[PDB]
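Below: one structure, written as structure tokens.
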Amino acid sequence: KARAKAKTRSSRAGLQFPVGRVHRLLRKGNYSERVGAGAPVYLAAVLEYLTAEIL
Amino acid sequence: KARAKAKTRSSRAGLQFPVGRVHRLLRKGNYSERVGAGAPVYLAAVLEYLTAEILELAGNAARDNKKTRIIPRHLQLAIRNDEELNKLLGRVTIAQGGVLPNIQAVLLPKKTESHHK
Amino acid sequence: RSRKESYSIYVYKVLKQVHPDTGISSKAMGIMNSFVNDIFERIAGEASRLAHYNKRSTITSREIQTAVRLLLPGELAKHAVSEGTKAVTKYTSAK
Amino acid sequence: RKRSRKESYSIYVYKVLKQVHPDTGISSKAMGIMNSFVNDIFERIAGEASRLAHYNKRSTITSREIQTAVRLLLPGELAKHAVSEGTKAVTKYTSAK
Amino acid sequence: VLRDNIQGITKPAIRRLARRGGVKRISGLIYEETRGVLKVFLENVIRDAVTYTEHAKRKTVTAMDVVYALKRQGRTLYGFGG
Amino acid sequence: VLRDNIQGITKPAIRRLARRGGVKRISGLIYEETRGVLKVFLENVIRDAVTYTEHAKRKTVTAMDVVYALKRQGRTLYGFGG
Amino acid sequence: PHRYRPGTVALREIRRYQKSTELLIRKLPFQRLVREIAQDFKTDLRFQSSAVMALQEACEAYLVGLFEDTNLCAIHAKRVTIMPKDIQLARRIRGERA
Amino acid sequence: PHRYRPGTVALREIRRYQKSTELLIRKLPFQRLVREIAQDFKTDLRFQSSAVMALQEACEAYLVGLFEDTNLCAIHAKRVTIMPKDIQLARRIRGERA
């Protein structure tokens, strides 16, 4: 096995907000049985945009 | 095996509302991972009480109108005439409910009405 | 053929329990059904939030009771709570 | 040895702050307000997406549900720009595998 | 000839509604304002309704779409299912 | 001597608040009304706060209890966690 | 000719419509307005008839409530005539900024 | 002695407090009121200090908003003096029936 270097989803998305944490937060909270990969990405992107506008 | 005869939980609870279905509805809807046995019982009881209260008041309004069938009008009248239900349903619209006969005292004609008697 | 559930039969039983000599329109029954659905969702959602707030994974009758006390005013809440309590105790008794 | 672990969005807000206006700080109280804000909008969106999914007998929450929830909750141009950014991000993610 | 169709919410209908609202006397300029108010209200509701519609990949606006749109605006409606 | 302690929400504090509210002139009877209004508002919030408190089996009212009580009254507060 | 004073018939109409619940807006122009507005968002959309009835119910209940608040503002202003400014005030206080 | 006309200082105070954000109610009487009321529901309760600060923030924001609506009602009534009836109207319109 190679076990390539550990990249993250925020970096892949070119984002600053934590994709992983948002995914966990979505999973925990009785929101849906399953959660798609893009949903936390999209949401994180929205939250980042709104923060930038406010700041 | 014996396979004792079936009895529903409502009957065990002395209730009319379906405890089992409420449990199913709780399970389906992402409310909690698990649901205790008494919760749907308690809720079903609450729903039963509130239903009885509304139907009672609506039947009172019906008799007031000499009507044998409950209509939405009576439900709206019942709700708006009850302080607690009015609070609960203050921001709720009852289709075909209409409004209360409430007229502000100052818009009505004067005591100079022309019929003393 | 599909299958649409409602609370109609329970409302009708209750109507006969409280007022044997009285009917109800279908529209009114629908209103009662809407009402029931609304309070169901309100209570379950509030219970859910409390459990989340208390880092609790279980919804019990305690959460229901608390939610009721938050949502319903005075005597209505007290009577509903008393009825629920009596019902749970009856359920727990007659095993 | 005892210890706990309280998570927050503080560092990401500060990074964004440094990205948009490098020469500016933020108080802890203000950061707390921003964290409260983030948590609130998160909960709003997930809850709305959940309700739509239930209405449509769907067991999966997708980027479509996020988008729709945003469209319901956010106004006009704010929604449009957020939507565009989200789309951009998913597109960048999907290619960068 | 038609007039953008907003005019079908006629003065006497508004008068009737105001009467149900308990209004005894009404300025003539109220009517257009009411129409404008209605359009804004309506737009938001219908906008959301269509959003729900679009989510379901449907081309027919249902009552449920309206109900959800109304609920999210804090204007819960009883009597049409759900 | 004390006077049920509601009187500690003094006239000048109410005046200051009204000034922040942009009020230039104030009737003398406003103050008691405001106090009554505050008590009702407060009662409901605190009532709910204690309900949350009671649910947690705690004897100390937390900020989170207040936050939740405020949220359910549609009066969301930012800045105190959560 | 016999002649009623101003207000008597208005009051009778108030009592009549407040006793009843039937819809006061015409079905067809409402459908046409809805269809036009919806058309401006997405083309060739359809509507269920009960959806239109629901929209009408919501609209009319909203309008009477606004007129009620308007009436209270007018009375507050020592008037019996409603004005745009009364509506604007009521809507502003509810937060219906628009 | 030098003398300012009525309103000038009021306006200065408005500008001052609207420029600042500090709390205008005294901490201790607020704590005592809260403790008394809570005591009437459950005995020997305690409160976190930040909970009291939160309650104060909520209370004051609520009160300024009510006074704002009150002020608009007064102006609507061609007055500059706020009256109980103005508050009652504003609260009624928000649905704060009580």
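Residue numbers (my numbering), protein chains in the order written: chain A, 514 to 568; chain B, 393 to 509; chain C, 49 to 143; chain D, 1266 to 1362; chain E, 985 to 1066; chain F, 985 to 1066; chain G, 599 to 696; chain H, 599 to 696.
Every residue, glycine too, gets a C-beta built ideally from N, C-alpha and C.
Asked: Fully enclosed by the stretch 82-122 of chain C, which alpha helix (DSSP H) runs are 4 residues long or longer?; Found: 109-119
Asked: As a quick exercise: from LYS995(E), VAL1021(E), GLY1006(E), pick the residue whose alpha carbon is nearest that of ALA672(G).; Found: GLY1006(E)
Asked: Can you check which of these residues, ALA398(B), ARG416(B), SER402(B), is closest to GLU53(C) by C-alpha distance?; Found: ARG416(B)
Asked: Let me confirm a value: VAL678(H) is counted as buried when at least 16 other C-beta atoms fall within 10 Å, else exposed. Which label applies?; Found: exposed
Asked: Quick one: residues in its chain with C-beta nearer than 7 angstroms to the C-beta of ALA1047(E), no 5 flanking neighbours on either side, listed in chain order?; Found: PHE1064, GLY1065
Asked: Would you mind reading off the limits of the alpha helix (DSSP H) that contains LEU1061(F)?; Found: Looking at the DSSP string, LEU1061(F) is not in any alpha helix (DSSP H), and its letter there is neither H nor E.
Asked: On the three-pair Cβ rule with 8 angstroms, is the stretch 675-692 of chain G touching the stretch 1014-1031 of chain F?; Found: no
Asked: Is there at least one Cβ from chain E nearer than 8 angstroms to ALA487(B)'s Cβ?; Found: yes
Asked: Which residues in chain A sit within 7 angstroms of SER424(B), going by Cβ to Cβ distance?; Found: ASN543
Asked: Which class does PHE639(H) belong to by DSSP, given the choice of helix, strand or coil?; Found: helix
Asked: I want to verify the contact list: residues of chain F whose CB lies under 9 angstroms from the CB of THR114(C), in sequence order.; Found: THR1035, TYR1036, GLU1038, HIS1039
Asked: Give a yes or no on contact between the stretch 99-107 of chain C and the stretch 481-492 of chain B, applying the rule of three or more CB pairs nearer than 8 angstroms.; Found: no
Asked: Note down the Cα distance separating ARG695(G) from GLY533(A), rounded to an integer number of angstroms.; Found: 39 angstroms
Asked: Between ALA487(B) and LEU1061(E), which are expected to be in contact by the criterion C-beta below 8 angstroms, what is the C-beta distance as a whole number of angstroms?; Found: 6 angstroms
Asked: With a threshold of 7 angstroms (Cβ to nearest heavy atom), would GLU620(H) be considered close to the ligand ZN?; Found: As far as ligands go, the structure on display features none, and thus does not contain the ligand ZN.
Asked: The stretch 1011-1032 of chain E: which residues have C-beta closer than 8 angstroms to a C-beta of chain G, in chain order?; Found: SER1011, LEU1013, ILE1014, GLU1017, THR1018, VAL1021, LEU1022, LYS1023, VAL1024, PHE1025, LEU1026, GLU1027, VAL1029, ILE1030, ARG1031
Asked: Assign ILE567(A) to buried or exposed, taking buried as 16 or more other Cβ atoms, counted over all protein chains shown, within 10 Å of its Cβ.; Found: exposed
Asked: Could you tell me which chain G residues have their CB closer than 9 angstroms to the CB of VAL498(B), listed as they occur along the chain?; Found: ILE673, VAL678
Asked: Check whether the stretch 1036-1051 of chain E touches the stretch 456-465 of chain B, counting contact only when three or more Cβ pairs, one atom from each stretch, lie closer than 8 angstroms.; Found: no
Asked: Using DSSP bridges, identify the partner residues of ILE462(B).; Found: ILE72(C)
Asked: Does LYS1043(E) get closer than 8 angstroms to chain G when you measure Cβ to Cβ?; Found: yes
Asked: What does the alpha-carbon distance come out to for the pair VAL554(A) and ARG1056(F)?; Found: 29 angstroms
Asked: In the DSSP assignment, the beta strand (DSSP E) including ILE495(B) goes from what residue to what residue?; Found: Unbroken run through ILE495(B): none, as it is neither H nor E.
Asked: Going by DSSP, what residue range makes up the beta strand (DSSP E) through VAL484(B)?; Found: 484-486
Asked: Beta-carbon of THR1060(E) versus every beta-carbon of chain C: anything under 8 angstroms?; Found: yes
Asked: To the nearest angstrom, how far is the alpha carbon of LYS617(H) from that of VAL662(H)?; Found: 14 angstroms
Asked: Sorted by chain position, which residues of the same chain lie with C-beta nearer than 7 angstroms to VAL1051(F)'s C-beta, five sequence neighbours on each side aside?; Found: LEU1061, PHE1064, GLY1066
Asked: Please report how far the alpha carbon of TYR1277(D) lies from the alpha carbon of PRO531(A), in whole angstroms.; Found: 8 angstroms
Asked: Taking beta-carbon pairs under 8 angstroms, can you tell me which members of the stretch 1305-1330 of chain D lie near chain E?; Found: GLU1313, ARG1316, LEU1317, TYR1320, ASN1321, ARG1329, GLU1330
Asked: Just to confirm the assignment, what range does the alpha helix (DSSP H) spanning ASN669(G) have?; Found: 647-674
Asked: According to a CB-to-CB cut-off of less than 7 angstroms, which residues of the stretch 994-1007 of chain E neighbour chain B?; Found: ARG1004, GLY1006
Asked: Is any beta-carbon of chain B found at less than 8 angstroms from that of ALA649(G)?; Found: no
Asked: Hey, out of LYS514(A), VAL559(A), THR564(A), whose CA is closest to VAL1335(D)'s CA?; Found: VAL559(A)
Asked: At what residues does the alpha helix (DSSP H) containing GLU611(H) begin and finish?; Found: 606-617
Asked: I'd like the list of long-range same chain contacts for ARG633(H), defined as Cβ closer than 8 angstroms, with 5 residues on each side in sequence excluded.; Found: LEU643, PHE645
Asked: Would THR108(C) pass as a contact of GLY421(B) if the rule is Cβ separation under 8 angstroms?; Found: no
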